[PDB]
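Quick notes on the structure that follows.
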There are 2 protein chains.
Amino acid sequence: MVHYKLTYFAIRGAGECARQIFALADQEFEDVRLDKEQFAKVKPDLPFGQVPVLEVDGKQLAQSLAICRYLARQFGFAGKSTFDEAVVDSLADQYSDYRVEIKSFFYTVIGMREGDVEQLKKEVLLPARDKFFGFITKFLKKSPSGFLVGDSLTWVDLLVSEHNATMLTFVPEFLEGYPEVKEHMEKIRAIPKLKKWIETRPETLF
Amino acid sequence: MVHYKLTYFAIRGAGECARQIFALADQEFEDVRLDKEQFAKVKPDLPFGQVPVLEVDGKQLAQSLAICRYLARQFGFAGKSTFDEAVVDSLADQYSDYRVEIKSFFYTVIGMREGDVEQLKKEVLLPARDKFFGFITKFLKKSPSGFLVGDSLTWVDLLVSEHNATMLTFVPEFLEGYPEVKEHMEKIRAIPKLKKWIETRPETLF
């Protein structure tokens, strides 16, 4: 069959969505986890000199979003129509904008950058999250099934549920003003094959 | 009969790549260009409070990339295989990473934010275009046909060529060490249905 290989760091981060799609599909893949120094050696061979990279039968595909969308389409977690597919897409991009907003908080909290936590929480993380969650919860309120688009799992469900789960580990009161978002993170993560993966996957933080 | 409406500002920006596919596909649409006050009355009703928004028989879709991809799939400008569609997706995502890096210089020229144009250009813009252009050149040099993916026009071809033409009007030597980038811009813009649009669309600053 198709051979899949995902090359990324030894964290969840931007590789985890792919992993979560594979586990939802019962799809074997080679899960290759690099440290900093091995990234430095292989990166000139990557399409944009960056991880995560997906090879399918040796053919490279980079960019988490493009990878996550591709695998979802292959295994039917993209949306049930091309329009719902675009809607999934639009939420995943809104999520990414958010992530750009908070890049200075996250990289400080994960100990990879210099800065003041509580202050970067106040001025950068909490605003950015309010806007993002404000929009996310409108989608959730118009969804009786609890999934972000339609009434079936799509790849954004994973992006957002997994990020929230990670955040709680750094910011215990992250879901404070947002009961729907919390309900969503628990609904997605209790999906048996996903649940199995969260239990068995390598343990990192973030 | 499918009715399309594009809602955006009186500006090229995030709306234009949608407009260009509509030009290539010979597809009628309502080009709705709003001002400050108009946007503000409508803002609460947009899915993430932002334009561009596309209405497809009344269904809203936000986020420029989600929008262009969806349009591209409809009219055969997305890629020839779902993998190629992935690779186009990833160059679009790289393009946007590069727009995030250059934001600071972009809002300065545009007269949106403060900051020095000698500084920001040397320090932010040109090293970022250097990184990015090496990528685009690599895909170009891999292509016998001139497009960035495959032997056919794709929607990242439109985003990349429209940004270069735009940047060219703030930075006269953006593109000086980069003949194949220039040839790509010239080649995409000469496509007759797109040429006619560039010549007939309203003239705006950006």
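Every chain in the structure tokens takes a letter, A first, then B, and so on in the order presented; its residues are numbered from 1, and the ligands are numbered from 1 following the presented order.
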
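When chain A is laid over chain B and all C-alpha atoms are paired one by one, the RMSD comes to 0.5 Å.
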
Could you please select, counting only C-alpha atoms, the residues of chain B within 8 Å of chain A and state them as a ChimeraX atom specification?
-> /B:47-48,61-63,65-67,69-70,82-83,86-87,89-90,93-94,135

Atom CA of residue A:54 and atom CA of residue A:39, how far apart in Å?
->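 Between atom CA of residue A:39 and atom CA of residue A:54 the gap is 14.7 Å.
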
Atom CA of residue A:137 to atom CA of residue A:178: how many Å, to one decimal?
-> 7.5 Å

Taking the backbone alone, and naming residues the way the document does, which bits of chain B are strand (DSSP E) by DSSP, as a list in words?
-> residues 4, 5, 6, 7, 8, 9, 30, 31, 32, 33, 34, 53, 54, 55, 56, 59, 60, 61 and 62 of chain B

For N, CA and C atoms, I'd like the residues from the last selection saved as a compact mmCIF listing (two decimals), in the first residue's frame.
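result.txt was written with the following content:
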```
# COMPACT_ATOMS: atom_id res chain seq x y z
N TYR B 4 -22.20 34.17 -6.98
CA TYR B 4 -21.08 34.41 -6.06
C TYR B 4 -21.01 35.87 -5.68
N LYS B 5 -20.69 36.15 -4.42
CA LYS B 5 -20.50 37.54 -3.99
C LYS B 5 -19.19 37.60 -3.25
N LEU B 6 -18.32 38.55 -3.61
CA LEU B 6 -17.10 38.75 -2.88
C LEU B 6 -17.22 40.07 -2.11
N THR B 7 -17.06 39.99 -0.80
CA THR B 7 -17.08 41.18 0.06
C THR B 7 -15.68 41.44 0.60
N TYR B 8 -15.19 42.65 0.37
CA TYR B 8 -13.83 43.02 0.75
C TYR B 8 -13.72 44.57 0.81
N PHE B 9 -12.53 45.12 0.81
CA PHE B 9 -12.36 46.57 0.88
C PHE B 9 -12.09 47.03 -0.55
N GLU B 30 -20.41 39.26 -7.97
CA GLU B 30 -20.56 40.57 -7.38
C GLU B 30 -19.27 40.94 -6.61
N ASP B 31 -18.58 41.95 -7.10
CA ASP B 31 -17.40 42.48 -6.45
C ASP B 31 -17.82 43.61 -5.55
N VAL B 32 -17.99 43.31 -4.27
CA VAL B 32 -18.51 44.26 -3.28
C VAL B 32 -17.32 44.82 -2.50
N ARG B 33 -17.02 46.09 -2.74
CA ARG B 33 -15.89 46.77 -2.13
C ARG B 33 -16.44 47.71 -1.12
N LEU B 34 -16.07 47.56 0.16
CA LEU B 34 -16.68 48.39 1.23
C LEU B 34 -15.72 49.44 1.75
N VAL B 53 -14.84 37.96 2.53
CA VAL B 53 -15.83 36.91 2.70
C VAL B 53 -16.44 36.58 1.32
N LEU B 54 -16.58 35.29 1.05
CA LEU B 54 -17.24 34.87 -0.17
C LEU B 54 -18.61 34.30 0.14
N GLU B 55 -19.62 34.78 -0.58
CA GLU B 55 -20.93 34.14 -0.51
C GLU B 55 -21.19 33.31 -1.78
N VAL B 56 -21.53 32.04 -1.58
CA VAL B 56 -21.78 31.10 -2.66
C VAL B 56 -23.23 30.67 -2.47
N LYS B 59 -24.08 31.19 1.13
CA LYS B 59 -23.28 30.56 2.18
C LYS B 59 -22.00 31.33 2.35
N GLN B 60 -21.68 31.74 3.58
CA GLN B 60 -20.45 32.52 3.85
C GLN B 60 -19.20 31.68 4.03
N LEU B 61 -18.09 32.16 3.47
CA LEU B 61 -16.78 31.55 3.65
C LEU B 61 -15.73 32.64 3.78
N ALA B 62 -15.02 32.63 4.88
CA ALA B 62 -14.04 33.64 5.17
C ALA B 62 -12.71 33.00 4.96
```

So that I can check the surroundings of residue A:202, please list as a tab-separated table (two decimals) with N, CA, C and O atoms, in the first residue's frame every protein, DNA and RNA residue that reaches within 9 Å of it, counting only C-alpha atoms and ignoring chain neighbours fewer than 5 positions away.
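So the final result, stored in part.tsv, reads:
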```tsv
chain	number	residue	atom	x	y	z
A	10	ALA	N	10.65	15.85	18.34
A	10	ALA	CA	10.15	14.97	19.37
A	10	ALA	C	9.27	15.75	20.34
A	10	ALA	O	9.51	15.80	21.54
A	11	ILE	N	8.25	16.39	19.77
A	11	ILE	CA	7.15	17.04	20.49
A	11	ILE	C	5.90	16.73	19.68
A	11	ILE	O	6.00	16.18	18.57
A	12	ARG	N	4.74	17.08	20.20
A	12	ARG	CA	3.48	17.05	19.43
A	12	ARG	C	3.43	18.22	18.44
A	12	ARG	O	3.48	18.03	17.20
```

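Between atom CA of residue B:158 and atom CA of residue B:187 the interatomic distance comes to 10.5 Å.
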